$ cat start08.csv   # CSV, C-alpha atoms
chain,number,residue,atom,x,y,z
M,3,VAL,CA,-9.1,-0.9,16.1
M,4,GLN,CA,-12.2,-2.6,17.7
M,5,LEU,CA,-13.5,-5.9,16.4
M,6,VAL,CA,-17.0,-7.0,17.2
M,7,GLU,CA,-18.3,-10.5,16.2
M,8,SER,CA,-22.0,-11.4,16.0
M,9,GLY,CA,-24.3,-14.1,14.7
M,10,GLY,CA,-23.6,-17.0,17.1
M,11,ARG,CA,-26.6,-19.1,18.1
M,12,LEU,CA,-27.7,-22.7,18.8
M,13,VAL,CA,-28.4,-24.6,15.6
M,14,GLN,CA,-29.0,-28.2,14.6
M,15,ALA,CA,-26.5,-30.4,12.8
M,16,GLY,CA,-27.0,-29.7,9.0
M,17,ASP,CA,-28.1,-26.1,9.5
M,18,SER,CA,-26.4,-23.0,8.2
M,19,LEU,CA,-25.1,-20.0,10.1
M,20,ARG,CA,-23.5,-16.8,9.0
M,21,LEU,CA,-21.2,-14.9,11.4
M,22,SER,CA,-20.1,-11.3,10.9
M,23,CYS,CA,-17.4,-9.1,12.4
M,24,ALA,CA,-17.4,-5.4,12.4
M,25,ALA,CA,-14.1,-3.4,12.6
M,26,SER,CA,-14.2,0.1,14.0
M,27,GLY,CA,-11.7,2.9,14.4
M,28,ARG,CA,-8.7,3.6,12.3
M,29,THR,CA,-9.1,0.7,9.8
M,30,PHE,CA,-7.2,2.3,6.9
M,31,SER,CA,-4.3,-0.1,7.5
M,32,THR,CA,-6.1,-3.5,7.4
M,33,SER,CA,-4.2,-6.0,5.3
M,34,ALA,CA,-6.1,-9.2,6.1
M,35,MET,CA,-8.8,-10.4,8.4
M,36,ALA,CA,-9.4,-14.0,9.7
M,37,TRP,CA,-11.6,-16.3,11.7
M,38,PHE,CA,-10.3,-18.7,14.4
M,39,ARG,CA,-12.2,-20.9,16.8
M,40,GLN,CA,-11.7,-22.5,20.2
M,41,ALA,CA,-13.9,-25.3,21.4
M,42,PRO,CA,-13.6,-25.6,25.2
M,43,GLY,CA,-11.2,-28.5,25.9
M,44,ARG,CA,-9.3,-28.0,22.7
M,45,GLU,CA,-6.7,-25.7,21.3
M,46,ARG,CA,-7.4,-22.7,19.0
M,47,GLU,CA,-7.8,-23.5,15.4
M,48,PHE,CA,-7.4,-21.5,12.2
M,49,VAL,CA,-10.7,-21.4,10.2
M,50,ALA,CA,-10.4,-18.9,7.4
M,51,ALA,CA,-8.5,-15.8,6.2
M,52,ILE,CA,-9.1,-13.1,3.5
M,53,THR,CA,-6.6,-10.7,2.0
M,54,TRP,CA,-8.0,-7.2,2.2
M,55,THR,CA,-7.4,-5.5,-1.1
M,56,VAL,CA,-7.9,-8.4,-3.6
M,57,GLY,CA,-10.0,-10.8,-1.4
M,58,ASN,CA,-8.0,-13.9,-1.9
M,59,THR,CA,-9.1,-16.5,0.6
M,60,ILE,CA,-7.7,-19.5,2.5
M,61,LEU,CA,-9.4,-22.1,4.6
M,62,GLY,CA,-8.5,-24.5,7.4
M,63,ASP,CA,-8.5,-28.2,6.6
M,64,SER,CA,-11.5,-28.9,8.9
M,65,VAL,CA,-13.9,-26.5,7.1
M,66,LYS,CA,-13.0,-26.7,3.4
M,67,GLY,CA,-16.0,-27.1,1.1
M,68,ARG,CA,-18.4,-26.1,4.0
M,69,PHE,CA,-17.3,-22.6,5.1
M,70,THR,CA,-16.9,-19.4,3.0
M,71,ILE,CA,-15.2,-16.1,4.0
M,72,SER,CA,-16.0,-12.8,2.4
M,73,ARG,CA,-15.5,-9.1,3.3
M,74,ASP,CA,-16.8,-5.7,2.6
M,75,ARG,CA,-14.2,-3.0,2.5
M,76,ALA,CA,-16.7,-0.1,2.6
M,77,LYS,CA,-18.5,-1.5,5.6
M,78,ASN,CA,-15.3,-2.8,7.2
M,79,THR,CA,-16.9,-6.2,7.8
M,80,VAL,CA,-15.8,-9.8,7.4
M,81,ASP,CA,-18.3,-12.6,7.2
M,82,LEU,CA,-18.0,-16.3,7.8
M,83,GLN,CA,-20.7,-18.4,6.0
M,84,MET,CA,-21.0,-21.8,7.6
M,85,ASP,CA,-22.9,-24.6,5.8
M,86,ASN,CA,-23.4,-28.2,6.9
M,87,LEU,CA,-22.6,-27.6,10.5
M,88,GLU,CA,-21.6,-30.5,12.7
M,89,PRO,CA,-21.3,-30.9,16.5
M,90,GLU,CA,-17.5,-30.7,16.2
M,91,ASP,CA,-18.0,-27.1,14.9
M,92,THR,CA,-19.2,-26.1,18.4
M,93,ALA,CA,-16.7,-23.4,19.6
M,94,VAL,CA,-16.3,-19.7,20.2
M,95,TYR,CA,-15.5,-18.1,16.9
M,96,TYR,CA,-13.0,-15.2,17.0
M,97,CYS,CA,-12.3,-12.5,14.4
M,98,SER,CA,-8.8,-11.1,13.9
M,99,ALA,CA,-7.1,-8.5,11.8
M,100,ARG,CA,-3.6,-7.8,10.6
M,101,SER,CA,-2.2,-4.5,9.4
M,102,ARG,CA,1.4,-5.6,8.6
M,103,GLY,CA,2.0,-7.0,5.1
M,104,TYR,CA,2.7,-10.7,4.7
M,105,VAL,CA,3.3,-13.7,2.6
M,106,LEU,CA,0.2,-15.8,2.4
M,107,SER,CA,1.4,-18.8,4.4
M,108,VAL,CA,1.7,-16.9,7.7
M,109,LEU,CA,-2.0,-16.1,7.7
M,110,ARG,CA,-2.8,-19.5,9.1
M,111,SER,CA,-1.0,-18.9,12.4
M,112,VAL,CA,-2.8,-17.6,15.5
M,113,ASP,CA,0.2,-15.4,16.2
M,114,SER,CA,0.1,-13.5,12.9
M,115,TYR,CA,-2.5,-11.0,13.8
M,116,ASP,CA,-2.4,-7.5,15.3
M,117,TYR,CA,-6.0,-7.4,16.7
M,118,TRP,CA,-8.5,-9.8,18.2
M,119,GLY,CA,-12.2,-9.8,18.9
M,120,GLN,CA,-14.2,-11.0,21.9
M,121,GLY,CA,-15.7,-14.0,20.1
M,122,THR,CA,-19.2,-15.2,19.4
M,123,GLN,CA,-20.5,-18.6,20.6
M,124,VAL,CA,-21.7,-21.2,18.1
M,125,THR,CA,-23.3,-24.4,19.4
M,126,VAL,CA,-24.3,-27.2,17.1
M,127,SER,CA,-26.7,-29.9,18.3
F,4,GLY,CA,13.1,-9.8,1.8
F,5,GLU,CA,15.1,-8.8,-1.2
F,6,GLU,CA,14.1,-12.4,-2.2
F,7,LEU,CA,10.5,-11.1,-2.8
F,8,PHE,CA,11.7,-8.9,-5.7
F,9,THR,CA,13.6,-11.3,-7.9
F,10,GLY,CA,10.8,-11.6,-10.5
F,11,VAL,CA,7.9,-9.6,-11.8
F,12,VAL,CA,5.6,-8.4,-9.0
F,13,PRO,CA,2.0,-7.2,-9.5
F,14,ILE,CA,1.3,-3.8,-8.1
F,15,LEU,CA,-2.0,-2.2,-6.9
F,16,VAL,CA,-2.3,1.5,-6.1
F,17,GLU,CA,-5.2,3.3,-4.4
F,18,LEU,CA,-5.4,7.0,-3.6
F,19,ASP,CA,-8.1,9.0,-1.9
F,20,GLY,CA,-7.5,12.8,-2.2
F,21,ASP,CA,-8.9,16.1,-1.2
F,22,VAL,CA,-7.4,19.2,-2.7
F,23,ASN,CA,-9.0,22.5,-1.7
F,24,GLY,CA,-12.2,20.5,-1.0
F,25,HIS,CA,-12.1,18.9,-4.5
F,26,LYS,CA,-12.3,15.2,-3.5
F,27,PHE,CA,-11.2,12.5,-5.9
F,28,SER,CA,-10.1,8.8,-6.0
F,29,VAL,CA,-7.6,7.0,-8.2
F,30,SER,CA,-7.0,3.3,-8.8
F,31,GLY,CA,-3.7,2.0,-10.3
F,32,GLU,CA,-2.4,-1.3,-11.5
F,33,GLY,CA,0.8,-2.5,-13.0
F,34,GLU,CA,4.0,-4.4,-12.3
F,35,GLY,CA,7.5,-3.9,-11.1
F,36,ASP,CA,10.7,-5.7,-12.0
F,37,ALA,CA,13.4,-4.7,-9.6
F,38,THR,CA,16.0,-6.7,-11.5
F,39,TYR,CA,15.8,-4.1,-14.2
F,40,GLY,CA,14.7,-1.2,-11.9
F,41,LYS,CA,11.5,-1.1,-14.0
F,42,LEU,CA,7.9,0.1,-13.2
F,43,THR,CA,4.9,0.0,-15.6
F,44,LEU,CA,1.7,1.4,-14.1
F,45,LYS,CA,-1.7,2.7,-15.3
F,46,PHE,CA,-3.9,5.0,-13.2
F,47,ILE,CA,-7.6,5.8,-13.6
F,48,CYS,CA,-9.5,8.6,-11.9
F,49,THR,CA,-12.6,6.7,-10.7
F,50,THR,CA,-14.5,9.9,-9.6
F,51,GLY,CA,-14.4,11.6,-13.0
F,52,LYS,CA,-12.0,14.3,-14.1
F,53,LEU,CA,-8.9,14.6,-11.9
F,54,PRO,CA,-8.9,18.1,-10.4
F,55,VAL,CA,-5.0,18.4,-10.4
F,56,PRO,CA,-2.5,17.7,-13.2
F,57,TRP,CA,-1.5,14.0,-13.4
F,58,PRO,CA,2.2,14.9,-13.3
F,59,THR,CA,1.8,16.4,-9.7
F,60,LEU,CA,0.8,12.9,-8.4
F,61,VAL,CA,3.6,10.8,-10.0
F,62,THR,CA,5.8,10.8,-6.9
F,63,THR,CA,2.8,9.9,-4.7
F,64,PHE,CA,1.7,7.0,-6.8
F,68,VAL,CA,7.0,2.2,-4.7
F,69,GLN,CA,10.7,2.7,-4.4
F,70,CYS,CA,11.2,-0.9,-3.3
F,71,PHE,CA,11.4,-1.6,-7.1
F,72,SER,CA,14.6,0.4,-7.5
F,73,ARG,CA,17.6,-1.5,-8.8
F,74,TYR,CA,20.2,-1.6,-6.1
F,75,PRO,CA,23.4,-3.0,-7.7
F,76,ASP,CA,25.6,-5.3,-5.6
F,77,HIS,CA,27.7,-2.7,-3.9
F,78,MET,CA,24.6,-0.8,-3.0
F,79,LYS,CA,22.5,-3.7,-1.6
F,80,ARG,CA,23.5,-3.0,2.1
F,81,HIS,CA,21.7,0.3,1.7
F,82,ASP,CA,18.2,-0.8,0.4
F,83,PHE,CA,15.9,0.1,3.3
F,84,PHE,CA,12.8,-0.3,1.1
F,85,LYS,CA,13.1,-4.1,0.3
F,86,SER,CA,14.4,-4.8,3.8
F,87,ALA,CA,11.1,-3.7,5.3
F,88,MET,CA,9.2,-6.3,3.3
F,89,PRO,CA,6.8,-8.1,3.4
F,90,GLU,CA,5.5,-6.3,6.5
F,91,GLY,CA,6.0,-2.9,4.7
F,92,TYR,CA,6.6,0.7,5.5
F,93,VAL,CA,4.8,4.0,6.0
F,94,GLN,CA,5.8,6.6,3.5
F,95,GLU,CA,4.9,10.2,4.4
F,96,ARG,CA,5.5,13.4,2.4
F,97,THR,CA,5.0,17.1,2.4
F,98,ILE,CA,5.1,18.4,-1.2
F,99,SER,CA,5.3,22.2,-1.2
F,100,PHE,CA,4.5,23.8,-4.6
F,101,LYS,CA,6.4,27.1,-4.9
F,102,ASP,CA,4.0,30.0,-4.7
F,103,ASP,CA,1.0,27.7,-4.4
F,104,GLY,CA,-0.5,25.1,-2.1
F,105,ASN,CA,1.0,21.9,-0.6
F,106,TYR,CA,0.1,18.2,-0.5
F,107,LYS,CA,0.3,16.1,2.6
F,108,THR,CA,0.4,12.3,1.9
F,109,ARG,CA,0.5,9.2,4.0
F,110,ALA,CA,0.8,5.8,2.3
F,111,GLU,CA,1.4,2.3,3.4
F,112,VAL,CA,3.4,0.1,1.1
F,113,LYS,CA,3.2,-3.6,1.8
F,114,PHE,CA,2.8,-7.1,0.4
F,115,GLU,CA,-0.6,-8.9,0.5
F,116,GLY,CA,0.7,-12.2,-0.6
F,117,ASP,CA,2.1,-12.0,-4.1
F,118,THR,CA,0.9,-8.4,-4.7
F,119,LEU,CA,2.6,-5.2,-3.6
F,120,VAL,CA,0.0,-2.6,-2.5
F,121,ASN,CA,0.5,1.1,-2.2
F,122,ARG,CA,-2.5,2.8,-0.4
F,123,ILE,CA,-2.4,6.5,-0.1
F,124,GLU,CA,-4.4,9.4,1.5
F,125,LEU,CA,-3.7,12.9,0.2
F,126,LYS,CA,-4.8,16.2,1.5
F,127,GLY,CA,-4.0,19.4,-0.3
F,128,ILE,CA,-4.7,23.0,0.9
F,129,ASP,CA,-3.9,26.6,0.1
F,130,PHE,CA,-4.0,26.2,-3.7
F,131,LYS,CA,-4.8,29.0,-6.1
F,132,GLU,CA,-7.9,28.2,-8.1
F,133,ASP,CA,-6.3,29.8,-11.2
F,134,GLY,CA,-2.7,28.7,-10.4
F,135,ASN,CA,-0.7,26.1,-12.2
F,136,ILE,CA,-2.2,23.1,-10.3
F,137,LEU,CA,-5.9,23.8,-10.0
F,138,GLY,CA,-5.8,25.7,-13.3
F,139,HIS,CA,-4.3,22.7,-15.2
F,140,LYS,CA,-1.3,24.6,-16.6
F,141,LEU,CA,1.4,21.9,-16.4
F,142,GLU,CA,2.7,20.1,-19.4
F,143,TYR,CA,2.2,16.3,-19.6
F,144,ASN,CA,5.8,15.3,-19.2
F,145,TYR,CA,8.4,14.7,-16.5
F,146,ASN,CA,12.0,15.5,-15.9
F,147,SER,CA,14.6,13.0,-14.6
F,148,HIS,CA,15.8,13.7,-11.1
F,149,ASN,CA,17.9,12.3,-8.2
F,150,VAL,CA,16.2,11.3,-4.9
F,151,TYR,CA,18.6,11.9,-2.0
F,152,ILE,CA,18.2,9.4,0.9
F,153,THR,CA,19.6,9.6,4.4
F,154,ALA,CA,19.2,7.3,7.4
F,155,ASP,CA,16.9,8.2,10.4
F,156,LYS,CA,18.3,6.0,13.2
F,157,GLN,CA,15.9,7.3,15.9
F,158,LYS,CA,12.9,6.3,13.7
F,159,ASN,CA,14.5,3.1,12.5
F,160,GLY,CA,13.9,4.4,8.9
F,161,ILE,CA,15.0,6.9,6.3
F,162,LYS,CA,14.3,10.5,5.1
F,163,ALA,CA,14.5,11.8,1.6
F,164,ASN,CA,14.7,15.3,0.0
F,165,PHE,CA,14.4,16.3,-3.6
F,166,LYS,CA,12.8,19.0,-5.9
F,167,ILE,CA,10.6,18.2,-8.9
F,168,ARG,CA,10.7,20.6,-11.8
F,169,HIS,CA,7.3,20.7,-13.5
F,170,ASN,CA,7.1,22.3,-17.0
F,171,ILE,CA,4.5,25.1,-17.2
F,172,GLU,CA,2.6,25.4,-20.5
F,173,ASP,CA,3.9,28.4,-22.3
F,174,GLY,CA,6.0,29.3,-19.2
F,175,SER,CA,9.0,28.2,-17.1
F,176,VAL,CA,8.9,25.7,-14.3
F,177,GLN,CA,6.7,25.0,-11.2
F,178,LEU,CA,8.9,23.7,-8.4
F,179,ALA,CA,7.5,21.0,-6.0
F,180,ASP,CA,9.7,20.7,-2.9
F,181,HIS,CA,9.5,17.1,-1.5
F,182,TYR,CA,10.2,16.1,2.1
F,183,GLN,CA,9.9,12.4,2.7
F,184,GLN,CA,10.0,10.0,5.7
F,185,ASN,CA,9.7,6.2,5.6
F,186,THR,CA,9.3,4.0,8.7
F,187,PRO,CA,8.8,0.2,9.0
F,188,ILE,CA,5.4,-1.1,9.8
F,189,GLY,CA,6.8,-4.3,11.5
F,190,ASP,CA,9.6,-5.1,13.9
F,191,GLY,CA,12.2,-5.7,11.2
F,192,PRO,CA,15.1,-6.1,11.1
F,193,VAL,CA,15.7,-3.3,8.5
F,194,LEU,CA,18.8,-1.8,6.8
F,195,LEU,CA,19.7,1.8,7.7
F,196,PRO,CA,21.6,3.1,4.7
F,197,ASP,CA,24.6,5.4,4.2
F,198,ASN,CA,23.8,8.6,2.3
F,199,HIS,CA,23.0,7.7,-1.4
F,200,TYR,CA,20.6,8.6,-4.1
F,201,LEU,CA,18.1,7.1,-6.6
F,202,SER,CA,18.5,8.1,-10.2
F,203,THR,CA,14.9,8.2,-11.4
F,204,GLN,CA,13.6,8.4,-15.1
F,205,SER,CA,9.9,8.7,-15.7
F,206,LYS,CA,7.8,8.7,-19.0
F,207,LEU,CA,4.1,9.8,-19.0
F,208,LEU,CA,2.0,8.1,-21.7
F,209,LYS,CA,-1.7,7.8,-22.7
F,210,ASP,CA,-3.7,4.7,-23.6
F,211,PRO,CA,-5.3,5.6,-26.9
F,212,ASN,CA,-8.3,3.5,-26.3
F,213,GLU,CA,-9.1,4.6,-22.7
F,214,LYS,CA,-12.1,6.9,-22.3
F,215,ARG,CA,-11.5,7.6,-18.6
F,216,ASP,CA,-9.2,10.3,-17.3
F,217,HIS,CA,-5.9,8.4,-16.9
F,218,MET,CA,-2.1,8.2,-16.8
F,219,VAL,CA,0.3,5.5,-18.0
F,220,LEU,CA,3.7,5.6,-16.3
F,221,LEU,CA,7.0,4.0,-17.2
F,222,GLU,CA,9.8,4.4,-14.8
F,223,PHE,CA,13.5,3.2,-14.5
F,224,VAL,CA,15.2,3.7,-11.1
F,225,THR,CA,18.8,2.8,-10.1
F,226,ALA,CA,20.6,3.5,-6.8
F,227,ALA,CA,24.0,5.1,-6.7
F,228,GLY,CA,26.5,6.1,-4.0
F,229,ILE,CA,27.6,9.4,-2.6
F,230,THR,CA,31.3,10.0,-1.6
F,231,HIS,CA,32.4,13.0,0.4
F,232,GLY,CA,29.4,15.0,-0.9
F,233,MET,CA,30.0,14.0,-4.5
F,234,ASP,CA,27.4,11.8,-6.4
F,235,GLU,CA,29.0,8.7,-7.8
F,236,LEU,CA,28.3,8.5,-11.6
F,237,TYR,CA,27.5,5.6,-13.9
$ encode --input "start08.csv" --output "structure tokens"
Amino acid sequence: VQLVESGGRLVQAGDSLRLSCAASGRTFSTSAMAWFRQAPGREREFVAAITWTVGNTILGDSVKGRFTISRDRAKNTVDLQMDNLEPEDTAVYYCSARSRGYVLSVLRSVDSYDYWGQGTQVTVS
Amino acid sequence: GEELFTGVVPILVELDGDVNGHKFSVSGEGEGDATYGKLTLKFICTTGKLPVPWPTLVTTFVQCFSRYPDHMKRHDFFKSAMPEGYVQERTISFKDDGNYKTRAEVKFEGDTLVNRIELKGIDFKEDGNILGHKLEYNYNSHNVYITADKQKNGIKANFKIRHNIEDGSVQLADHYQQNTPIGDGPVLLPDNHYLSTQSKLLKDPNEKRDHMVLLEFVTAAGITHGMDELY
């Protein structure tokens, strides 16, 4: 499976930004997709996850109430809607996918995914 | 692992099928209660009329809900694979007619057990018992015979379904099955044993769509020196 993230740009504090990730290949097996981020100087951070069949979502503590995750099974895309952006949201945002089944709690771990994207750069002034 | 099946578990089923070029989709929903070996499921054909008889899809539409009594629990491959799940593959050969090839992934997505299936059928007779809709809406009880497959870290199963033909005898459907874990386990490789499987096909009197309601009870039982242990 190939994961391709897009949408990153330079925005101002208080702006909105939507990211999107496109999964290609043999995607039949997808069980969840997720967004992580890494700002240079800091460790990778869970941002959001979505369960593939039903669409249940979970968010990281840093982005609750500001970020929304959604997915389109026919298009094999997963989107991250970011509102009220702040300088501390500056990072490379990565898309990940899992095919193995799971209990919900493991979806917050960076080690719980089977596939990783290249990342898209978000900078917040 | 087994711990995930101690209560009532919601189930979702999705099938995309293509039989002789007749393409169709089915969505299913229900619940399983492995404590009682019990399944209750309802299936809707979302593309219109189902081009094959509902009974021919029963085995394709979650043996992790079988009741394994205490002395059998060492042999329950299906729950041992969870939550990461397993791949279930079958060839179903209809005597004197076509065959189905199915590949399904059975796994948890959080609290929900999901069975997602792709089915391709070929070589069917357009006026045979399947494409001609000549099978009775009912279902015989059967035993599913399970054996370990060490090299695949999984199991195989063999059994024959007897489908009643309207105003006729029986249409046999030869089932060959293989199950392999999706994750790295560990999993239980069982001794030879069988699943005693009881199915009832029902209709929802208020449902306008082409559909099937299914009630199943399944219990595992041992095999000793080639003889089925009896309850």
$ closest_atom_pairs --input "start08.csv" --of "chain M" --to "chain F" --cutoff "9 Å" --atoms "only C-alpha atoms" --output "tab-separated table"
residue	atom	partner	partner_atom	distance
M:30	CA	F:122	CA	8.7
M:31	CA	F:111	CA	7.4
M:33	CA	F:115	CA	6.7
M:34	CA	F:115	CA	7.9
M:53	CA	F:115	CA	6.4
M:54	CA	F:115	CA	7.8
M:55	CA	F:115	CA	7.8
M:56	CA	F:115	CA	8.4
M:58	CA	F:116	CA	9.0
M:101	CA	F:188	CA	8.3
M:102	CA	F:90	CA	4.7
M:103	CA	F:90	CA	3.8
M:104	CA	F:89	CA	5.0
M:105	CA	F:116	CA	4.4
M:106	CA	F:116	CA	4.7
M:107	CA	F:116	CA	8.3
$ closest_residue --input "start08.csv" --among "M:3, M:84, M:97, M:76" --to "residue 29 in chain M" --atoms "all atoms listed in the file"
M:3
$ atom_distance --input "start08.csv" --atom1 "CA of residue 195 in chain F" --atom2 "CA of residue 234 in chain F"
18.9 Å
$ residues_near_point --input "start08.csv" --point "(-15.9, -13.1, 14.1)" --cutoff "6 Å" --atoms "all atoms listed in the file" --output "list in words"
residues 7, 22, 23, 37, 95, 96 and 97 of chain M
$ write_last_selection --input "start08.csv" --atoms "C-alpha atoms" --output "compact mmCIF listing (two decimals), in the frame of the given file"
# COMPACT_ATOMS: atom_id res chain seq x y z
CA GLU M 7 -18.30 -10.50 16.20
CA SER M 22 -20.10 -11.30 10.90
CA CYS M 23 -17.40 -9.10 12.40
CA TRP M 37 -11.60 -16.30 11.70
CA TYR M 95 -15.50 -18.10 16.90
CA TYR M 96 -13.00 -15.20 17.00
CA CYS M 97 -12.30 -12.50 14.40
$ closest_residue --input "start08.csv" --among "F:231, F:199, F:52, F:26" --to "residue 81 in chain F" --atoms "all atoms listed in the file"
F:199
$ residues_near_point --input "start08.csv" --point "(-24.3, -19.4, 14.1)" --cutoff "6 Å" --atoms "only C-alpha atoms" --output "CSV table (one decimal) with C-alpha atoms, keeping the file's coordinate frame"
chain,number,residue,atom,x,y,z
M,9,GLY,CA,-24.3,-14.1,14.7
M,10,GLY,CA,-23.6,-17.0,17.1
M,11,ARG,CA,-26.6,-19.1,18.1
M,19,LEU,CA,-25.1,-20.0,10.1
M,20,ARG,CA,-23.5,-16.8,9.0
M,124,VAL,CA,-21.7,-21.2,18.1
$ residues_around --input "start08.csv" --residues "residue 229 in chain F" --least-positions-apart "4" --cutoff "10 Å" --atoms "only C-alpha atoms" --output "list in words"
residues 151, 197, 198, 199, 200, 233, 234, 235 and 236 of chain F
$ write_last_selection --input "start08.csv" --atoms "C-alpha atoms" --output "short mmCIF file (atom, residue, chain, number, x, y, z; two decimals), keeping the file's coordinate frame"
data_model
loop_
_atom_site.label_atom_id
_atom_site.label_comp_id
_atom_site.auth_asym_id
_atom_site.auth_seq_id
_atom_site.Cartn_x
_atom_site.Cartn_y
_atom_site.Cartn_z
CA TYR F 151 18.60 11.90 -2.00
CA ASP F 197 24.60 5.40 4.20
CA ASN F 198 23.80 8.60 2.30
CA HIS F 199 23.00 7.70 -1.40
CA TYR F 200 20.60 8.60 -4.10
CA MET F 233 30.00 14.00 -4.50
CA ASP F 234 27.40 11.80 -6.40
CA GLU F 235 29.00 8.70 -7.80
CA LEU F 236 28.30 8.50 -11.60
#
$ residues_around --input "start08.csv" --residues "residue 132 in chain F" --least-positions-apart "4" --cutoff "12 Å" --atoms "all atoms listed in the file" --output "ChimeraX atom specification"
/F:22-25,54-55,103-104,128,136-140
